[PDB]
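When a ligand or atom number is given, it counts from 1 through the structure's own listing order. Below, chains carry the letters A, B, ... as their sequence lines are ordered, and counting in each starts from 1. All heavy atoms count here, side chains included; hydrogens, waters and symmetry mates do not.
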Amino acid sequence: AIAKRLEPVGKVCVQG
Amino acid sequence: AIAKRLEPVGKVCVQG
Amino acid sequence: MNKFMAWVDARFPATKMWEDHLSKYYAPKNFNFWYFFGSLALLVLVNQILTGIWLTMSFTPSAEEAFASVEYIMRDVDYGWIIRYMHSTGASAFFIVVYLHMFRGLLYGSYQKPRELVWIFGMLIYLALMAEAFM
Amino acid sequence: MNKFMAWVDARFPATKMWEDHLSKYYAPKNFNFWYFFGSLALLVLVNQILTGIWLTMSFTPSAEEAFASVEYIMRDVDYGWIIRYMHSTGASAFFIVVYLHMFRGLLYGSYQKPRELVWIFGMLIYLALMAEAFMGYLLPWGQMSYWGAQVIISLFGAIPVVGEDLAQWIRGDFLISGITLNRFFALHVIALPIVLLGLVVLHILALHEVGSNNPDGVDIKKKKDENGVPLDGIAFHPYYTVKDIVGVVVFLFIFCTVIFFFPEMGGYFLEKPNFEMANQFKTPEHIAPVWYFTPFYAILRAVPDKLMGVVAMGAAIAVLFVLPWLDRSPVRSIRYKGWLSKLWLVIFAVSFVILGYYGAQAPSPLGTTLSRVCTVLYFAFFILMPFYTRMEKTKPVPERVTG
Amino acid sequence: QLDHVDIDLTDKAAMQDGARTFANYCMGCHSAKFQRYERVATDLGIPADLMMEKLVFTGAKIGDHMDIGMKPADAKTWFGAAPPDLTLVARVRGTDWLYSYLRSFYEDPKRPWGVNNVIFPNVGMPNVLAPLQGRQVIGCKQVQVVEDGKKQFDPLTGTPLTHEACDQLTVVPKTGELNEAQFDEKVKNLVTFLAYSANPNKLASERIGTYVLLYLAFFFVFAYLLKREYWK
Amino acid sequence: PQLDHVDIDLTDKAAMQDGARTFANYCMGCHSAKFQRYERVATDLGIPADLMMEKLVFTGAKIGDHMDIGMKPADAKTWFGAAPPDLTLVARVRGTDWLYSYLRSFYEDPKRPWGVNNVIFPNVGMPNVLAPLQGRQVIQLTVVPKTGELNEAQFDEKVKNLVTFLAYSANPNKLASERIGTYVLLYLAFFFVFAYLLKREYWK
Amino acid sequence: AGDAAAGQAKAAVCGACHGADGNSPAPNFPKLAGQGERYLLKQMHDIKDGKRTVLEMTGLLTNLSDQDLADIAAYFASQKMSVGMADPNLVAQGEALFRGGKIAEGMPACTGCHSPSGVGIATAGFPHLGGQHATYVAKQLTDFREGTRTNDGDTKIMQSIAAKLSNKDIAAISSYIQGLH
Amino acid sequence: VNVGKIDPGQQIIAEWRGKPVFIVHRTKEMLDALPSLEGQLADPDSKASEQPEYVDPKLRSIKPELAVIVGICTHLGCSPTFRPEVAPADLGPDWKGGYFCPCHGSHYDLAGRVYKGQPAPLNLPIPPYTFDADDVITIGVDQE
Ligand SMILES: COC1=C(OC)C(=O)C(C/C=C(\C)CC/C=C(\C)CC/C=C(\C)CC/C=C(\C)CC/C=C(\C)CC/C=C(\C)CC/C=C(/C)CC/C=C(\C)CC/C=C(\C)CCC=C(C)C)=C(C)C1=O
Ligand code: HEC
Ligand code: HEC
Ligand code: HEC
Ligand code: HEC
Ligand code: HEM
Ligand code: HEM
Ligand code: HEM
Ligand code: FES
């Protein structure tokens, strides 16, 4: 709940 | 007199 | 204790001072609302001294750290926010109480003879308070 | 002006206080060198207050800037070095003058009835002074400052149960840090100065209530003239005011000599290692207290046990409080006490000096042996006082002061 | 055992040479951050432009403190011990200690920097004045003979009578720019500058104190007369 | 200018957590909150220390460190023409209503250095950093349709949560203050009755 | 300690790249003349053991024993490094960086560990720098900055120091060092 | 501090409370030699030293594999040098790994126990730490 509420905005795609 | 007394130790040889 | 007070009184003006200033010191019996403010000014002065002493334990009088040290008092020092609020509200209450005290003096002519020196010392106190609060 | 003073006297007991405390206040006429030190203590207290207020205008009570702020005072502030040396030399001179003051009290039995409360207020003043000087010595934030504070506050860790919690609470941190620095600065700059001023007021008030002792121990109040003035009494103002002015000038000569020519005083007024910034991770090869704390340090170092050493150091100061009840001599002045009292006063002075001298150095075999012997003698001067003050034969005190 | 050095704080030339030595050979690792270039120039008699051109290498202003780029933590990591600020080192250690320490470096392969110090054994400081002094070693050299303080000089030449001792600081010949006397003078000037830096108010302190003591003697005369009189 | 009222609830841990997330992601790039610590924010917002370190501490700082940022005030003042002030106490400097109206009043103004102006703060040096969420807002303020992730209601909640966190940041002692003040006032009312009765007894 | 007299004979193979006396003519080859014997020996041991990677020296030191390396290092340390010339357009910045470092960035001046004249500290192992080729000095500073060269020890003295030097700073300071004496 | 990545016979340096804490992964031969070093230590049982009540008096660590020692020499607070080598030429032949203080030549074993007759009067401090997991420890909170 709190973890989802605090998820960072920036999402990064990573190989594999 | 002071200027000679205060000369920096490191001497650099420069082109021209 | 009776024996202890007898011992003290032969060596200190304890009972004589108590009976000259607080007990056996006969003030007019018709003091009203406006005569609370000398004792309240004393209390606010004591509060200012104590809270300021505790603030000085965490304040940094440097342009780089004064604001930061105040926030450190507000946030990091346990109950430091309480002490700082006591201090600031106590400055404001000091001036409230002192203004009401001076206005009592105006209302009842407490500056008139023989209390001219009382009034002048009060005005010196007020000047010192203005300087203290500004600084 | 006559009219102005008449106006004031109707509204303020100015003339009454002046005639009750300084003029028409008849002190014994046989004060000697040993009675200069109350006025000199007042002068040094005023000097400390003024110079400290001015140092505070430039000092920064943070671990990051305290030492740098002291150097800023020493170099950047106009005449700031003068004010700083006045303050350090004034702390050292405060302890010199106060120790000579206390030794006068010992010499002339000035703690005895009726001056027991005077002595107790004086001892409270001494406790406040020790706390003030200890907390001030931390302010420079040098190596000596930091590590002496560390050891002195670790002493509070010797209390068997609450010792560690009490030490942490005093420090305000898990070690000596800028929190401790700022806290001790606040205590040293306001709280203890206020306590000291109040204690000095109470001390002088008690003295004026019971009157001064004199070198002969003669109660001058017993013999009075037809006007009620003691025969051996003279008005404090102007005679002793001018005498104290001369004493103040002599003290100022010595004080300024130290300030302007020997401010460090061979590293005793300003310790050499304290000119290095505090290092939490390197301690000095030998850490010692300021000289005026050295005697008690020696006592603490003389006791092999830690808690027992702390207790003994505390008792070394606490016994002086009960001194007025330890002395059972029928006479006050050492001039008329028996040979035992003179011998034990000599022993106490020598033991105090030796304890201070050996507490200022790193431990040594002869040093440790003499420190233990002098601790025993220092405590015996008080513990045996109720006995050797009775066993001795005292001379008859003259009815009139000698001179 | 320290060596005594007679340090003249009124010698502007010596302090200037010491300041040059400090700025060149010393401020690489050591700061003098409690001391400003402006005050150093004013007290040493160095013109401000000359101080800027000759002694300020860090791009600081004349009024700036003698700070350096080497941080204490970095230098502690690199050398094993942080090079202390040297503004007050003359007060911390004394001038004799500094004079003996800067001349007591000798080669010691067992040590991290290949050198040790008689005054400061196992010091973490590299011998940065080796180019000037030359290679100094714990070897055998001629030392004046002394028997219970019976020091022998040559009556005629006035030079010492010497015997060989095999545990002495000897400078390897033709290894440094300066001979023993020249390096002695260099170290003396450097320690004189450090002594000034530790106590920059010394000369003014003596002057002001002389005037204060004269005034206090005058005032004592008057107070003593006012006391002895009025006590009749 | 006319401000929009917002009811800030400092007991809403979820709202303050969302506001802290928004502050850490969109605001700490230029603004510091250097007068509060990550540890205290986590404690007051109910955020576990590990979760706070993972989700809100991006500078590599410790949990007990102040919420400092890399952008130095001098550099930011040079770059933007004005220094982004520390936002720890901004809710006390400006108030929650002013912040709520300001963060929703950015509109496009090509004459400005950053292409935006603010109704609450005319000629402000702030770039419109929440444009991705609100969308393109133009002048009365209207949001161009299909230009932001959030609608008007969703963006207002985002600003409200952010302002709520800012409100908490300015005054982290408010909840503890109201709790302590209630007992202090109860004791003083209790003490007043005894003092009043004692005075009444003596003044007979 | 090594023997310079025998090192001269043992150093003939090296003189192909570093010059007969250790004063290399080509900028990319460092001058070994006048370099600290301790530093020279440390570098040669590092290259033997792979702690420092010099591809141009692959297998040149494997057959040389410890005493041979000591002799070669003594021979090169017994010479005098020739002094080059600094670029006038770069000498000011390079001199400022060398003598003062960077107070703001906390970069030390090079005059502490390497002498104000750039002779280094032979006993401490701090290399002689003055007169060293600007190209080689710049390459070494870049390698320290990027971690390519890590044989400065666990303390990472020069890696940390070079981390604070920009490319322009590296070029300017190398040019200044080339003419430093 | 994550300690499962320390290869046999190597140590890492953590920073706790301003102080450097050496975390050493002590191999077998070291712990076999330590019981043979009691004849040269002034405080082999750490009677007068400072350490938690839950560490072994001899090994002075929660578990023999890991050694958590505040790397501050008792004598003047210098950081000892880690010397895991068996018989260094300059540590003498009796060396069996440990800590060598460079400032004044104080010696400690791999358990932080000071050698006899050295400037260091006490053993190296053992900070209050615990094992949250087999590969991670916390320096600052006592073991339950
Ligand atoms: C090497 O090493 C060593 C040396 O070194 C180098 C040494 O030198 C020495 C030798 C050591 C020495 C001899 C040196 C000695 C030095 C010392 C003695 C230093 C000791 C100093 C300290 C460590 C400081 C310790 C301080 C302590 C423990 C005291 C703490 C005090 C406080 C925190 C104060 C508490 C605060 C309070 C109570 C707040 C006030 C509360 C109020 C109620 C205020 C009023 C409030 C109101 C009025 C509101 C309520 C209203 C009421 C009451 C209702 C009615 C209203 C009315 C007003 C009537 C040794 C051994 C050593 O080895
Ligand atoms: C002019 C050439 C210099 C003088 C004069 C001094 N230094 Fe240094 N130094 C350096 C380090 C790493 C240390 C610490 C060593 C240790 O703590 O074991 C020192 C120490 C000193 C001291 C001792 C001061 C004390 O209170 O003990 C003095 C008096 C001193 N230094 C004077 C390093 C360096 C360094 C880096 C290469 C340079 C260039 C210098 N020191 C230069 C001088
Ligand atoms: C850099 C791109 C910024 C980011 C991202 C955010 N802010 Fe900002 N802020 C920035 C500047 C340059 C200024 C000064 C503008 C001026 O003209 O002075 C500001 C100012 C504010 C203010 C005003 C505070 C005051 O005037 O007292 C507020 C309330 C503010 N900023 C809030 C804020 C929020 C909530 C942000 C994340 C949504 C945010 N800022 C990001 C630069 C930048
Ligand atoms: C060309 C084939 C070379 C010969 C023959 C030798 N060396 Fe050399 N060396 C060479 C290069 C290109 C470099 C620089 C590497 C770099 O990182 O840029 C070096 C370096 C050294 C060094 C280091 C010098 C310093 O750090 O100041 C040393 C000490 C060294 N080389 C020694 C050395 C010896 C002993 C040789 C003969 C046995 C020798 N080199 C030959 C290229 C070449
Ligand atoms: C403190 C010690 C410093 C200081 C402040 C600087 N350096 Fe130098 N440096 C140092 C060491 C211990 C070494 C040896 C590295 C090793 O053993 O591998 C070096 C080496 C260099 C080199 C390489 C020289 C060569 O390969 O011949 C260069 C080019 C160098 N250092 C340059 C340099 C510069 C430009 C500095 C100021 C910015 C500087 N150093 C400072 C130790 C130290
Ligand atoms: C008549 C007595 C006093 C008055 C009227 C007074 C008034 C004030 C005022 C108005 C402030 C500003 C507070 C703020 O705006 O946050 C302040 C600050 C401060 N005062 Fe005083 N003061 C008095 C005595 C003292 C004393 C005796 C001390 C120390 C012993 C002290 C210590 C401080 C400190 C450290 C600050 C800065 C911290 C803070 O702002 O809370 N004060 N004072
Ligand atoms: C009995 C009275 C006092 C005594 C015995 C005393 C003693 C001391 C001592 C010994 C020091 C250390 C000085 C040093 O070694 O550098 C010091 C420092 C200091 N004191 Fe006090 N002090 C007294 C009163 C005061 C007062 C009233 C103030 C301020 C109102 C004050 C302010 C300071 C400051 C700011 C410092 C730090 C600067 C410095 O160290 O010189 N002091 N004090
Ligand atoms: C530290 C600041 C102190 C100040 C400013 C001070 C002030 C004075 C003064 C002005 C006098 C009268 C003149 C004189 O007898 O010298 C006096 C007397 C006295 N003082 Fe102090 N005093 C201080 C500390 C102490 C201490 C620490 C003690 C003892 C522990 C003490 C014990 C006494 C006694 C017993 C007397 C009266 C004895 C007699 O009349 O011979 N005082 N004090
Ligand atoms: S610093 Fe460790 S033995 Fe002295």
Side-chain angles (χ1 to χ4, degrees), chain D residues 44-45 48-49 51-56 58-59 61 66 69-70 73 83-84 87-88 90-92 94-95 128-129 132-140 142 144-145 185 188-190 192-193 196 269-271 274 290, chain E residues 28-29 70 75 78-79 126, chain G residues 10-11 13-18 24 28-32 35 39-44 46-47 52-57 60-61 64 68-69 72-73 76 97-98 101 107-114 120 124-129 132 136-141 143-144 148-149 151-153 155 157-158 161-162 164-165 169-170 173-174 177:
Chain D
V44 176
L45 182 59
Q48 287 314 92
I49 290 164
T51 58
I53 290 163
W54 257 249
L55 292 168
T56 307
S58 301
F59 178 77
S69 79
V70 169
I73 287 153
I83 294 168
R84 159 132 198 268
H87 208 72
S88 318
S92 282
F94 213 156
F95 276 93
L129 280 179
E132 174 74 356
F134 158 77
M135 279 187 294
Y137 199 52
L138 181 64
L139 302 192
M144 275 342 291
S145 295
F185 163 85
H188 178 93
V189 160
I190 314 100
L192 264 187
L196 268 166
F269 286 21
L270 285 164
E271 317 200 295
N274 203 30
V290 282
Chain E
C29 312
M70 192 180 284
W78 300 336
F79 299 113
Chain G
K10 280 185 215 65
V13 48
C14 319
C17 294
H18 299 297
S24 68
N28 61 295
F29 299 123
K31 310 177 179 176
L32 306 191
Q35 187 54 273
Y39 174 82
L40 281 172
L41 197 56
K42 177 189 188 301
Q43 293 317 304
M44 274 144 31
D46 293 349
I47 298 158
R52 176 169 168 188
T53 288
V54 184
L55 285 198
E56 299 77 310
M57 292 207 355
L60 306 194
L61 309 178
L64 283 141
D68 305 277
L69 293 189
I72 290 160
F76 280 124
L97 287 160
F98 195 94
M107 193 198 72
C110 321
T111 58
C113 315
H114 317 273
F126 298 157
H128 182 123
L129 291 192
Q132 188 65 267
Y136 172 82
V137 167
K139 183 181 181 294
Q140 295 327 294
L141 288 170
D143 291 354
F144 281 125
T148 303
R149 181 172 170 185
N151 65 321
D152 55 333
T155 50
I157 295 170
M158 271 310 295
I161 285 156
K164 319 224 167 134
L165 290 164
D169 295 344
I170 283 174
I173 209 164
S174 313
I177 284 155

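- Within the 4.5 Å cutoff, side-chain heavy atoms of G:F98 are placed close to those of G:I177.
- Of all the atoms in ligand 5, the ones that sit under 4.0 Å from a non-hydrogen atom of G:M107 are 38 (C).
- For the pair G:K164 (side chain) and G:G101 (backbone), a donor-acceptor distance under 3.5 Å is absent.
- Here the options are G:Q43, G:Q35, G:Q132, the test is side chain to side chain contact (heavy atoms under 4.5 Å, CB included), and the partner is G:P30; only G:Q132 passes.
- G:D143 contributes no side-chain N or O that, together with a main-chain N or O of G:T148, makes up a donor-acceptor pair within less than 3.5 Å.
- Close contacts between ligand 5 and G:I157 involve ligand atoms 1 (C), 2 (C), 3 (C), 12 (C), 42 (C), 43 (C) [criterion: under 4.0 Å to a heavy atom].
- For ligand 5, the atoms closer than 4.0 angstrom to any heavy atom of G:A109 are 5 (C).
- Near G:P108, with a cut-off below 4.0 Å to any heavy atom, the atoms of ligand 5 are 5 (C).
- G:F126 and G:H114 have tilted rings, their planes meeting at an angle from 30° to 60° on a 0 to 90° scale.
- Between the side chain of G:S24 and the backbone N or O of G:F29 there is at least one donor-acceptor pair closer than 3.5 Å.
- Close approach of ligand 5 to G:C113 (heavy-atom distance below 4.0 Å) involves ligand atoms 1 (C), 2 (C), 3 (C), 4 (C), 5 (C), 42 (C), 43 (C).
- Of the possible donor and acceptor atoms, one in the side chain of D:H188 sits under 3.5 Å from a partner among the backbone N and O of D:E132.
- The shortest side-chain heavy-atom distance between D:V189 and D:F59 does not fall under the 4.5 Å cut-off.
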Quick one: table the atom pairs, ligand 7 N or O against protein N or O, below 3.5 Å, distance rounded to 0.1 Å.
residue: ligand 7; atom: 16 (O); partner: D:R84; partner atom: NE; Å: 3.2
residue: ligand 7; atom: 16 (O); partner: D:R84; partner atom: NH2; Å: 2.6
residue: ligand 7; atom: 20 (N); partner: D:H87; partner atom: NE2; Å: 3.1
residue: ligand 7; atom: 20 (N); partner: D:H188; partner atom: NE2; Å: 3.0
residue: ligand 7; atom: 22 (N); partner: D:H87; partner atom: NE2; Å: 3.0
residue: ligand 7; atom: 22 (N); partner: D:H188; partner atom: NE2; Å: 2.7
residue: ligand 7; atom: 41 (O); partner: D:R84; partner atom: NE; Å: 3.4
residue: ligand 7; atom: 42 (N); partner: D:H87; partner atom: NE2; Å: 2.8
residue: ligand 7; atom: 42 (N); partner: D:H188; partner atom: NE2; Å: 2.8
residue: ligand 7; atom: 43 (N); partner: D:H87; partner atom: NE2; Å: 3.3
residue: ligand 7; atom: 43 (N); partner: D:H188; partner atom: NE2; Å: 2.9

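- Between G:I161 and E:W78 there is a side-chain heavy-atom pair separated by less than 4.5 Å.
- No side-chain donor-acceptor contact under 3.5 Å links D:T51 to the backbone of D:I83.
- In this structure the side chain of D:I73 never reaches within 4.5 angstrom of the side chain of D:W54, judged on heavy atoms.
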Report every pair formed by an N or O atom of ligand 4 and a protein N or O atom separated by less than 3.5 Å, giving atom names and the distance to 0.1 Å.
residue: ligand 4; atom: 7 (N); partner: G:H18; partner atom: NE2; Å: 3.0
residue: ligand 4; atom: 9 (N); partner: G:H18; partner atom: NE2; Å: 3.1
residue: ligand 4; atom: 17 (O); partner: G:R52; partner atom: NH2; Å: 3.4
residue: ligand 4; atom: 17 (O); partner: G:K139; partner atom: NZ; Å: 3.2
residue: ligand 4; atom: 17 (O); partner: G:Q140; partner atom: NE2; Å: 3.1
residue: ligand 4; atom: 18 (O); partner: G:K139; partner atom: NZ; Å: 3.3
residue: ligand 4; atom: 18 (O); partner: G:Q140; partner atom: NE2; Å: 2.9
residue: ligand 4; atom: 26 (O); partner: G:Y39; partner atom: OH; Å: 2.7
residue: ligand 4; atom: 26 (O); partner: G:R52; partner atom: NH1; Å: 2.6
residue: ligand 4; atom: 26 (O); partner: G:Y136; partner atom: OH; Å: 2.6
residue: ligand 4; atom: 27 (O); partner: G:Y136; partner atom: OH; Å: 3.4
residue: ligand 4; atom: 31 (N); partner: G:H18; partner atom: NE2; Å: 2.9
residue: ligand 4; atom: 40 (N); partner: G:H18; partner atom: NE2; Å: 2.8

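- Listed by number with element, the atoms of ligand 5 under 4.0 angstrom from any heavy atom of G:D152 are 15 (C), 16 (C), 18 (O).
- No donor-acceptor pair closer than 3.5 Å links the side chain of G:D46 to the backbone N or O of G:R52.
- Counting heavy atoms from C-beta on, the side chains of D:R84 and D:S58 never come closer than 4.5 Å.
- Residue contact annotation: G:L141 has a non-hydrogen atom under 4.0 Å from ligand 5.
- Distance check for G:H114 against atom 8 (Fe) of ligand 5: an N/O/S atom falls below 2.8 Å.
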